[PDB]
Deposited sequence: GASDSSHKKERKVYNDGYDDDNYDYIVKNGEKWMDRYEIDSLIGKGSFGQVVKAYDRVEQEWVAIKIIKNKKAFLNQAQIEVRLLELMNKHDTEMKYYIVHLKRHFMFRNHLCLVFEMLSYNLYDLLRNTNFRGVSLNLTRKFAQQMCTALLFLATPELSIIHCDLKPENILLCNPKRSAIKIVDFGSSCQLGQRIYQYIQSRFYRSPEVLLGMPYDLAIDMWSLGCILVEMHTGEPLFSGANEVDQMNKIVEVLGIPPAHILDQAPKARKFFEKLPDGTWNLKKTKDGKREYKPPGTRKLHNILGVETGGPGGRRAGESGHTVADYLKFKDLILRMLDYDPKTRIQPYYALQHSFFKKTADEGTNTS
């Protein structure tokens, strides 16, 4: 047996061959991304004389349809005048090639997870974390513009890439798992480590879940490690609880999956259901960040911009993003006005 006249493997993926040239225009260099959607290759565009990243979607309706949605969102975004739009990876064009939908993007650099790996998971300085945070908030502010109302829904280190390995500018990629505010067609969403409490609880979600993800991400960028690394959903909620405490009863009283993690005592209050975890709220963010001890592992003692004052501004902003209540979790516009960003 052979697939798609020999162009595809048995998993609907296009068999990538280095040096092959398509439509007398693109010269495929190499594979730079794999996914359930298909692949992402680096390629040289002979016509525009530039490197581009091409996302080759699997030759399968399920995937083709999911990608057409990403194309519409991207086209919808790029057609918006503001310069906040230069925080979203740019879709140059798309076309069908050998039965595969292809999205041509501008070529980017390393993703923030690779960045953390190049530090041996020790983290980057607070000053660079600040630059990333500022851009991320602007991007979220952008996605929040009414006509868009886009919920990225899968923010994580891997989906944030450096524009150039030298500069600190970033762009968010992968809008294949995205969606606009609406009905809840699906519930299991976001990468586990960055999954917001509302999602874990089975409650209605909106753009606020991206902000939760961002808060988890900023802490990871600076300490080098995932703030909440659950092996499964129960383990995940417990780790969130160690740091933030038991969620407010008003939220847990409406949480369809509340009893998956908590139990309501005869007096109406909620407790963890169950030395695996520190007591609720005892794993203080103040200490994870090392606010008064020279940062994570004290490896920042003495660095410019790593004063107790600087760290206090960073802790406050993170705590406003990790607000259990999505109604009062800080929004993009205000996060941007936070003193962590003031000069």
| property | result |
| --- | --- |
| Deposited residues without C-alpha coordinates, grouped into stretches that follow sequence order | 1-11, 286-290, 360-368 |
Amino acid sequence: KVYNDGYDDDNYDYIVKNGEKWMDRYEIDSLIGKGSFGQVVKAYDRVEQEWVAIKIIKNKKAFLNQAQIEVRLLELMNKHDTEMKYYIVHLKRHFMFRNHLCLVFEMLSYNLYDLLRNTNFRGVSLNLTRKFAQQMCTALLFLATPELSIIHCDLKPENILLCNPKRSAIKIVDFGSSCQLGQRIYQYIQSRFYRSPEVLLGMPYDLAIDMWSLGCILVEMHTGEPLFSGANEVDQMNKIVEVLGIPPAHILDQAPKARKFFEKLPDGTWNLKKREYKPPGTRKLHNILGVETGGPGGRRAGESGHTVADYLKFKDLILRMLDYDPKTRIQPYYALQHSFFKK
From here on, numbers count along this sequence of modelled residues.
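What we label the rigid core is the largest C-alpha set whose atoms superpose within 1.5 Å from one form to the other.
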item: Core-fitted comparison in 9 other deposited structures of this protein, 79-87 vs 191-199, farther C-alphas; value: 79-87
item: RMS Cα shift after core superposition in 9 other deposited structures of this protein, winner of 95-103 and 222-230; value: 95-103
item: Unmodelled in at least a third of other entries of this protein, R283; value: no
item: Higher-B stretch (mean Cα B-factor, as the entry records it), 74-82 or 196-204; value: 74-82
item: Of 174-182 and 106-114, the stretch whose C-alpha atoms average the higher B-factor in the entry; value: 174-182
item: Largest Cα B-factor, entry values, listed residues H152, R93, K156, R167; value: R167
item: Residue with highest C-alpha B-factor in the PDB entry, from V291, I318, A62, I54; value: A62
item: Within-chain third of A43 by Cα B-factor, per the entry; value: lowest
item: Chain third (lowest, middle, highest) by recorded CA B-factor, residue given as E225; value: middle
item: Chain-relative CA temperature factor third for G281; value: lowest
item: Chain-relative CA temperature factor third for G123; value: lowest
item: CA B-factor ranking of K17, expressed as a third of its chain; value: highest
